[PDB]
Every structure is written in C-alpha cells, then in structure tokens.
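**Student:** One structure, pasted below without further comment.
Bear in mind that the values in this text are calculations on the coordinates, not laboratory data. Note that each Cβ is placed from the backbone with ideal geometry, even for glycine, and that neighbours are counted across all protein chains shown.
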Number of protein chains: 2
Amino acid sequence: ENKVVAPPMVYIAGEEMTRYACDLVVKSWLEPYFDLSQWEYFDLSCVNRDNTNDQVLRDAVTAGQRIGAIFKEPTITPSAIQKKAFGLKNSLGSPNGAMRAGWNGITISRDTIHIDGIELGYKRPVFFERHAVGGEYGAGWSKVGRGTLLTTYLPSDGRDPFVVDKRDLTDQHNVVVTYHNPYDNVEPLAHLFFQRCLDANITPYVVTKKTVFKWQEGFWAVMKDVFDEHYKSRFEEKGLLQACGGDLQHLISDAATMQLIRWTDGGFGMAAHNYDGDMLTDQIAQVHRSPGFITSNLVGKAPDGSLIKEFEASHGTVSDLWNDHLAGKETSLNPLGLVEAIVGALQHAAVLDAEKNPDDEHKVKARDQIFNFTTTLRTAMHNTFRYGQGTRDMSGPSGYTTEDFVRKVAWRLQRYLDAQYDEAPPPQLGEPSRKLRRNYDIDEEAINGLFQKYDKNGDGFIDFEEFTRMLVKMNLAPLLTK
Amino acid sequence: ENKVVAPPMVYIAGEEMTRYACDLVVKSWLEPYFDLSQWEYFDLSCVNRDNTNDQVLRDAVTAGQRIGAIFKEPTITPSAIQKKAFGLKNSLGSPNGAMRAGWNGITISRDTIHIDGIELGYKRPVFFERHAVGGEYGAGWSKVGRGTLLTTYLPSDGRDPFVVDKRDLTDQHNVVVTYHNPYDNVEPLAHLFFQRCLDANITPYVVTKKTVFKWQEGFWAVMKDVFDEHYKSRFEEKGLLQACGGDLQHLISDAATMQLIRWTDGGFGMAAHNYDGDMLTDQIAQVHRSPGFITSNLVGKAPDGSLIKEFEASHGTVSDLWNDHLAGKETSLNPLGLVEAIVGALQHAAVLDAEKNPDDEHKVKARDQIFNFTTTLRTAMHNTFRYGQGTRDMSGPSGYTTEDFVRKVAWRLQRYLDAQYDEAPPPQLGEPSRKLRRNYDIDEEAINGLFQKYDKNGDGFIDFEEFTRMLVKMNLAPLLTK
C-alpha cells in the first residue's frame, strides 16, 4: 500500500440511510486509494448531539475554522414525535446557525450535471447564490398586547441612540417582528458570483424585491457597483451580456421565478437574499429534476480571511429508505449530491493545504492528484448511470440497489485508474422519466381531465393553436420585447 | 319629472381616462333614473391633493366614516417623472394608509363574472380576503452601522417593558426592519369571510406561512376557532367540506399558489395576511383574464358598528388611453371593473340608509329599487358584451369605443326597464382570446420554439405522452395525496 495521504478535512456525520451510504462510498471509492487519518470526524447523531449538549457541534465548528474545508452529512432536526422516540432530554435545533456564524457567509445552490451524456432538466448549468445570513428566518418576535413598540439602535460609532421605529399598538393581540440584513459580505458575494459565472460562460442576474421593500436596495447597489467596476467589461468581451441588453439586469422576485421555468436551456446564474434564495432554489431544483440534483455549499471567510468551504447534499437522511433497509427490503438511494459534496470538500481541502503551505512541492502536486482522481471518479459514476446501472430513480426498475451501484462504480473506478477502455462507451441518454423519482407518483386521472379539457375539437386536436390557448390560459405565454 | 333619490355616498374622483369614463358612466346610466345630490364628491387628483396638502383626503376619510359607503376611482401615486411634469411641491403618497386607518380593515379581491354566458378563467366565483392591516408593507427600517439593536415593547397593561429582540450588529452596513400585525379584527374577518363563502357555496381556506413564520400561527388559530365554533356545522350541512376532508384546511402559501392555477373550476375562497394576500390576488387575477377583472373592496368598522365599504377597480387611470383621448384618437376602455365598484358602493349606500333609519318606509323599498336596477344594469352590460358590441379587449377589433359601448348599454338599459324584449338573445361565448388584452402581445416565435420543437413526437403528433411529460418537466403535474 503506497496510498496518498488526503489533506486535513472536517467530516460531519449524521444518521440513518445517508450515514450508511456515505460510509459505503468512502470505504469503496476512497480508502482503496487514500490514507484518511487527517480527516477529523464528528458525530452529529441526534443522540450524540444530546449527550454532549452540542459540544460535538462546537468541536465541529472549531475544526472547521481551523481546517476550513468541511463535508457535512444530512442531519435530523428532530420533530417532537422523533424527539420523544429518541428520548433526547433537551431539544436542539438545526446546526446551521452555529456553522454559518462560526464561518461567515453565503450559500451556493448550483445544479448537478452528468456531463457525459445524461440530459436533465437544464441543458446548461445554472448557478445560484443564496445570501447566507440575514432575513426573515433569523427574525426575533413576540406576541404582545396593548402598548407601544420601540426599536432603538445603539451605535458603537459613539453617537446618540437612534429611534428606528416607534408605533402605537392599539390591539390586545399583536405580533411584532424584527430582523436585520448584514450587508458587508455582499461585496465578497458579488466577486464569488460574477467570477464563477465568468469562468462558466453564465449570464448572471440579481433578484430582489427592492422596488417594494426599499431596505433591500443596498443589496442591488453593491452587486451593481462591484459588477460595473470589475466584471462588466469582461462579460461583454465574452458576449454574455447579450440576452440581457448590455448591462447586469435586475429581476424582481416574481419575474425571476418565471425565467427560471422558461429559460430551460440553462446557462444562467442568480444571486438573492437568504429567504428569496431559499424559495427560488427549491423552484430551480424542481425544474432540473429533484432536490438531490442541486448543490448546497456554504462559502464563508475564516478569521485569517481564507475561504471556508462546506459542502452538503440537498436532501435529508431519507428515513423511509432506512426503514426499508432495516426490514431487509432493497433500497436505491441516489448518492449524487452526497458524492458531489464529498469531492468538493476533498478538493477544497487539497487547495487549502497547498495555499497554507506554499514552498512545499508535494502539496501543489497532491492537489493535482486529487483533482485528477475526482475527475476519473466522476467518470466512473456517470458511466455507470449511462450503462443502465444507476440507481432506480434514474435507470428504472432494472437499476441497481444502493450497494451494487456503489460496488459497480468501484469496479469501474479501479479499472479506469489503469487505462481500461474495455466495455465500449455507454450511450447518450435523455431525461429518465421523472416518474421514477421517489415520492412522486403524480395523479394520472387528473391529467387525463386537463388534456381532454383543452379539447373541444376531437381526439385532442392541439395543432399548436390549442397549445397557444393553453399557455395564455396558463398565464405562462412569453411576453414581447418592447 | 320623478327620479329616485340616491342614498348618501362618498365619491372620490381621480384623473385622466378613468375620471372621464366614470363621469360618463354616471351621466349615462345613473342620472337618467337617480337624483344624486346626496353624493359627496372629493377630488383626489394629484394637483388637488398637493394644493390642499391632503386635507381633501382627510375630509374624504371623515365623510366616509359618517356615511360608510364609498366609491373611489383609481388615483395616481405619482412617479418622480410624473411628479416633475405635474409640479407637485410636497410629494404625498398613496391614500391607502389614511383610508384603511380611518375606516379599519380588510381588502376583498373577488373575481368578476359575466353571469350571462361569457366564460373567463375561473368559471365559478373565487373569493379572497386580504387582511387590510399589518405586515411587511407597514415596516419601519433604517440603515445602521456597528452597534447593537434593541427592540422594546412598552405595555399599557402597566407591567415592565419587554425585550422583544436584542442583537449585536457587527457589520458596518446593516439594514434593520421591524413591523407588527394587529390581530383583533381577524375574528371580524373570519365572520365576514366564512359567512359570505356560505352564502355563495364556496369552500373556504386559510393561507399562511405559519409553519416557517411561527408568529403567523395566530392568524390560523383565530380563523380556525371561529370556524369550528360558528360555521363548521353549516358548511357540512351544505356538503362543502368534501374536497377538503371534513374540516377547515390550512394551506402553506406555496401550495395555495398551486391550487390557484390548478382548480380552474373556481368555487373556493382564501384568506391571508396583507403581503401574501397582495401576491396571491395578483396571481388569481392572472388566472382569470387580467387585473381589471378582480374587485378591490375595503370593508371596515365604523364607530357605530356599521360596516364601512369602499369599492375600487383593480386598475389605474390608464394613462396611455388618456394620451390617445386628448389627441382625439378613439379609445376602448373596459368599464367593467369600475362599474362593479360603482354599483357595489351604491348598493351599500342603500343598505346603510335602511339600517341607519328603520321605522322609515321608503328606504327599505328604495333598497330593493336599487338592487333591481343594478341587476338589470348588469344584464344590459353583460348582454352588450355578448352581442359583440363590448369594448375591443373582449370583442376584438369590431368592438365599440368607450363612448359607443356606454351609449349602447344605456340604450339596452332603458329598454330593459320597460319590459322590452325585442332584439333576440345574445349567444353563449367563451374566453375572448387573451391576446386582445391591452399591452399584452405574445412573442409568437418563442412559443413556436416551445411547440414546434419541445413536444416533438413527429409532426405535432401530441397526444398525452408529450402533454403528460410537458406537465412533468415544467413541474406542473398534479401529484399524490398525503
């Protein structure tokens, strides 16, 4: 064994089907080739989080700032039923607040693609930057009765306390809501967003409700300033500002969610506030395929100012497939998002190892080894899917189980690492019918109803005319240029 | 000479094409049969609002409290350019805050229908209660720097000032936002909403994001408590809780916005917060022709306890047709929404007259006179549309001008009031192709792209399969139950 020593990396584990499948993937695709040992595991199981009163969470955050590259598994934010069943003494919420605080912010939700010949919802990649902090999700509130509410601001600027808002609550049933948006890291965000769009040949956009909530116009201002100063020239010089008329376009929240579903050939990126970005990314996810086919990557700033990158899949622990496994029924979990997050974490760990130790040879070379490996591992997994041996949500009921999918990808991976151009090339495909998706069984009787509805002619005479009627009746016909 | 005396009613006038067209409708359809004179006009033109520094709006509010029945025309909330041209020296905003304060609240957005046989988007009436007060639209905010923000609540319950939220703002560019919801009049709202859904055989629903925004859970509670206590029995007696499973259903606002577009059969009602209600009623408007086909009716409480009702169309002053009118080019403005508002205001004025003066004979029958009149007035307007002599956005290019339509409806109204059944009945119609809508021209080659290409299967040859997939790929196929 002369295996490569993987760079230091934080590894946060959860429970259930995703813990089982990540364990399977690391053992089959990584330990064959890597000395881990510099990985720093943390058990964020519900039970382990509760016994340590979340000291394992404070240790994961600490390890993350010091190391700066972290893969995290899906975790259970236990519901009351689940909190009782597990019997956790002192309920603890989502670890997200801890991580996003300890590491600074922004949350990249970009579509996953099988660049070797499986079409998905979007023909070309989509990027999305969901501002990691601020907004309604972090609001403080209280139900209050009669009186007056007073919002003061106390500057460290030495100046006098500021009356932000004062109001006279006449009712005996009120709710009051207060929150903030921190906007410093909007200019880092812009640089991350615009630059990654440059590299990818993506037309970028900014999405807000700034016309209606004027407190949001700061966001768009910084995005605009940074853009005009540093990237507009390079964007036109690549001819990407073309489908948006020469400048960075602002989209109001509610025209954004339409070009999402419309410009279905992809090749666009969007940046937005935390709440809006959550909603819009769920929407992009559904257009592309399912939630597991979207990235969920925190990018933040370490105290020293280096990049902290944390990677996640966009699904939970998948309890029902866990129960199927416990009762000996076969399961078929798509590991795509999980694998993508693991190789992102590993890649950034290698990058940080070289950046933290320049003037070290076998670290700028370890990085290049890592990137070549993750490239041929992607090939092994995409080709497996293309040979019809993907999991059952993509390859249909003849698709492999979780375990034989992992094993078959390891088989191709050991071969691909030694030339091995046997088999033959797998085929180009096309969207596996979305009905293969888990927990998506439609309503064939309803959709009968609606196609016969738009008839009034014969055996569904569409002949475009009905299509046009449909799309206007739908309120989805593209408007004109004007 | 013997015309009926209209009950007292406030009339708020605006500017431009709707002021001219309302003046014409009142002169042609009402003045023939009614002595107005007890109508109390207020000029809320931009110029008169700015010269009086909105004392005209404040007097209108006072008169509306005294009379309680108000028609208001669209008014201009002037844009900077428009404020320049008009030369208004102290900008004054929307009259909405004043009216909703002076009269209490909730904003009714219900679909308008041509009960004599022209189908539109929804087929059966849809009701919507948008909570008139509270929420994000009435927020205080500020740009703040480094420091600490402090939200105090000072009860008149005499107890100690309450720390709603305190937070430690580290950034140098922050925005802070605070707002409230008054929830007393939710139970008035419930009674208003549930009872009218009863009268109309509408299944009611409540829409919130209470699951993600816990402070909204009050809304669902009050609405539910009233329902279960005061209306559930009557709704099941009518078998209206059938498609919603026996009880009052709460919908998260993003499944609401799905059944909106889905249940195109109508026959449902929704109540929501001020902000969500704004967005969802814009969407209901779109499913059903255009925004001008949705009412906008304030309902509030006067000091005496009588209902205060203000009615508006859901469009503006229609500036572009005003430009055309001043240049002597003909215009064709659909007065449907404005008329629906005028006869609603007139009905409520008659109702208030009777309720405020019982032991008065010719007021309880003046009420019935008004209602008979408005019914034959609806028949005349609907029928004119069905004879193809409506305005051109409904009747295509052979439709009449604003002025010819008003004259033709006046002719039919005069004849109908004299038991004159000549002519011959107009036909049943069907949605006038929405391309006839003003300022709505489709990008037919884009929609080519989508039909000619996207659902291939040869030369057109769409039956199901591509329809079903189409609904799947856009994420608009109806799924499974829970």
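**Student:** List the residues whose amide H sits under 5 Å from the amide H of residue B:162, counting only those 5 or more places along or on another chain, with H placed 1.01 Å from N in the peptide plane.
**Tutor:** The list, which skips near neighbours in sequence, is B:153, B:154.
**Student:** Right, next: Across the residues of B:279-287, average count of Cβ atoms on other protein chains within 10 Å?
**Tutor:** Whole-number average of other-chain Cβ neighbours for B:279-287 is 1.
**Student:** A further question on this structure: What does the C-alpha gyration tensor say about the overall shape of segment A:417-464? Classify as rounded when a/c is under 1.5, otherwise prolate if a/b is larger than b/c, or oblate.
**Tutor:** Values: a/c = 6.92, a/b = 2.47, b/c = 2.80.
Taking the square roots of the gyration eigenvalues as a ≥ b ≥ c, segment A:417-464 is oblate.
**Student:** Continuing with the same structure: What nm distance separates the two modelled labels at residue B:55 and residue A:482, each placed 7 Å from Cα along Cα→Cβ?
**Tutor:** Calculated label separation equals 4.1 nm.
**Student:** I want to check the label-to-label distance for residue B:417 and residue A:421. Put each point 7 Å from Cα in the C-beta direction and report it in nm to one decimal.
**Tutor:** 9.0
**Student:** Here's a follow-up. Let me check I've understood the local charge: for residue B:120, count other residues with C-beta under 9 angstrom from its C-beta, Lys and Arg +1, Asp and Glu -1. What total comes out?
**Tutor:** -1
**Student:** Still on this structure: Considering only DSSP states other than H, G, I, E and B, which trypsin sites (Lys or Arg not before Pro) in segment B:324-368 qualify as loop sites with at most 16 other Cβ atoms within 10 Å?
**Tutor:** Qualifying residues, ordered by number: B:329.
**Student:** Oh, and also: What GluC sites (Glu not before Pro) does segment A:1-59 have in DSSP loop regions with at most 14 other beta carbons within 10 Å?
**Tutor:** For GluC sites (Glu not before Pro) across segment A:1-59 that sit outside H, G, I, E and B with at most 14 neighbouring Cβ atoms in 10 Å, the list reads A:1.
**Student:** Rounded if a/c is under 1.5, else prolate if a/b is larger than b/c, else oblate: which is segment B:253-342, with a ≥ b ≥ c the root eigenvalues of its Cα gyration tensor? If you can, show how the numbers build up before the last one.
**Tutor:** Values: a/c = 2.55, a/b = 1.32, b/c = 1.94.
It is oblate, given that a/c is not under 1.5 and a/b is not larger than b/c.
**Student:** Then there is this: Counting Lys and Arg as +1 and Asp and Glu as -1, each charge on the Cβ, what is the dipole of segment B:245-342 about the Cα centre in debye, to the nearest 20? Could the numbers behind the result be given before it?
**Tutor:** Values: 5 positive and 13 negative charges, 24 e Å.
The calculated dipole for segment B:245-342 is roughly 120 debye.
**Student:** Report the Cα centroid-to-centroid distance between segment B:1-50 and segment A:151-195 in angstrom, as an integer.
**Tutor:** 46
**Student:** What shape does the protein assembly as shown have by the C-alpha gyration tensor, where a ≥ b ≥ c are the square roots of the eigenvalues, rounded means a/c under 1.5, and otherwise prolate means a/b greater than b/c and oblate the rest?
**Tutor:** It is prolate, given that a/c is not under 1.5 and a/b is the larger ratio.
**Student:** Sort A:126, B:206, B:5 by Cβ crowding within 10 Å, fewest neighbours at the top.
**Tutor:** By the 10 Å Cβ count, ascending: B:5, B:206, A:126.
**Student:** Continuing with the same structure: Let me spell out the model: positive unit charges on the Cβ of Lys and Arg, negative unit charges on the Cβ of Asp and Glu, origin at the Cα centre of segment A:172-230. What dipole size does that give, in debye rounded to 20?
**Tutor:** The dipole magnitude comes to about 340 debye.
**Student:** Take peptide B:166-173, look around each residue's Cβ out to 10 angstrom, count Cβ atoms belonging to other protein chains, and average those counts.
**Tutor:** Per residue, the number of nearby Cβ atoms from other chains is 5 on average.
**Student:** On to the next question. Give me A:196, A:159 ranked fewest to most by other Cβ atoms within 10 Å of their Cβ, as a rough exposure proxy. Numbers along the way, then the final one.
**Tutor:** Numbers: A:196 17, A:159 11.
Listing A:196, A:159 from fewest to most nearby Cβ atoms yields A:159, A:196.
**Student:** In addition: Nearest 5 percent is fine: what portion of the DSSP beta bridges confined to the protein assembly as shown is antiparallel?
**Tutor:** 55
**Student:** What's the exposure ranking of A:364, B:207, going from fewest to most Cβ atoms within 10 Å? Provide the component values of the computation, followed by the final result.
**Tutor:** Numbers: A:364 16, B:207 27.
If I rank by nearby Cβ atoms, fewest first, I get A:364, B:207.
**Student:** What are the residues whose amide H is under 5 Å from the amide H of residue B:124, where those residues sit 5 or more places off or on another chain and H is modelled from the backbone?
**Tutor:** Counting only residues 5 or more places away or on other chains, the set is B:266, B:267.
**Student:** Would you mind calculating the relative contact order of chain A from Cα pairs under 8 angstrom and at least 6 residues apart, reporting the percent as a whole number?
**Tutor:** 18
**Student:** Further, regarding this structure: Mind checking the full-extension length gain between residue B:372 and residue B:448? Use 0.36 nm per residue of separation minus the Cα-Cα distance, one decimal, nm. Don't skip to the end; give the middle numbers.
**Tutor:** On the way: separation 76, 0.36 × 76 = 27.36 nm, distance 4.93 nm.
So the chain would gain 22.4 nm between residue B:372 and residue B:448.
**Student:** Moving to a separate point now. Which of the peptides B:304-315, B:411-422 is most tightly packed, and how do the rest follow, judged by the mean count of other Cβ atoms within 10 Å per residue?
**Tutor:** Listed from highest to lowest mean packing, they are B:304-315, B:411-422.
**Student:** Next up: Could you pull the copy-to-copy label distances for residue A:91, with points set 7 Å along Cα to Cβ, in nm to one decimal and sorted shortest first?
**Tutor:** Shortest to longest, the spacings are 4.6 nm.
**Student:** Same structure, new question: Shortest first and in nm to one decimal, what separations exist between residue A:4 and its copies in the other chains, measuring from label points 7 Å along the Cα-to-beta-carbon line?
**Tutor:** So the label point of residue A:4 gives 8.8 nm to the other copies.
**Student:** Would you mind calculating the gained length between residue A:433 and residue A:282 on full extension (0.36 nm times residue separation, minus the Cα-Cα distance), in nm to one decimal?
**Tutor:** Once the chain is fully extended between residue A:433 and residue A:282, it gains 52.4 nm.
**Student:** Turning to a different aspect of this structure: If packing is taken as the average number of other Cβ atoms within 10 Å across a peptide's residues, how do B:379-389, A:160-170, B:464-474 rank, most packed first?
**Tutor:** Numbers: B:379-389: 20.6, A:160-170: 15.0, B:464-474: 17.5.
Highest to lowest by the protection proxy: B:379-389, B:464-474, A:160-170.
**Student:** Here's something else I'd like to know. Please work out the Cα center distance from segment A:364-426 to segment A:306-343, rounded to the nearest Å.
**Tutor:** Rounded to whole Å, the Cα centres lie 17 Å apart.
**Student:** A further question on this structure: Distances from residue A:80 to the same residue in each other copy, label points 7 Å out along Cα→Cβ, in nm, shortest first?
**Tutor:** Spelled out, the distances from residue A:80's label point are 5.1 nm.
**Student:** On a C-alpha basis, how far is the centre of segment B:97-128 from the centre of segment B:236-295 in Å? Whole number, if you could?
**Tutor:** Value for the Cα centre distance between the two parts: 12 Å.
**Student:** A further question on this structure: Return the distance in nm (one decimal) between the two label points of a simple spin-label model at residue B:26 and residue A:88, each offset 7 Å from Cα along Cα→Cβ.
**Tutor:** So the label points at residue B:26 and residue A:88 sit 6.5 nm apart.
**Student:** Kindly state, to the nearest 0.05, the FRET efficiency for residue B:198 paired with residue B:319, given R0 = 41 Å and r defined as their beta-carbon distance.
**Tutor:** Step by step, r from the Cβ atoms, then E = 0.50.
**Student:** Same structure again: So how strong a dipole does segment B:71-117 carry about its Cα centre when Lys and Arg Cβ are +1 and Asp and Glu Cβ are -1, to the nearest 20 debye?
**Tutor:** Approximately 400 debye in magnitude.
**Student:** Further question on the same structure: Please report the antiparallel percentage of the DSSP beta bridges confined to segment B:198-310, to the nearest 5.
**Tutor:** Here the share of antiparallel DSSP bridges comes out near 35 percent.
**Student:** Same structure, new question: How shielded is B:182-191 by partner chains, expressed as the average number of their Cβ atoms within 10 Å of its Cβ atoms?
**Tutor:** 2
**Student:** Here's another thing I want to ask about it. For Cα pairs less than 8 Å apart in space and 6+ apart in sequence, what is the mean separation divided by the residue count of segment A:113-201, i.e. the relative contact order in percent? Present the calculation step by step, with values, prior to reporting the outcome.
**Tutor:** Details: 88 pairs, mean separation 27.7, N = 89.
Result for segment A:113-201 is 31 percent.
**Student:** Indicate, rounded to the nearest 5 percent, the antiparallel portion of the DSSP beta bridges found entirely in chain B.
**Tutor:** Once the DSSP bridges in chain B are tallied, antiparallel ones form about 50 percent.
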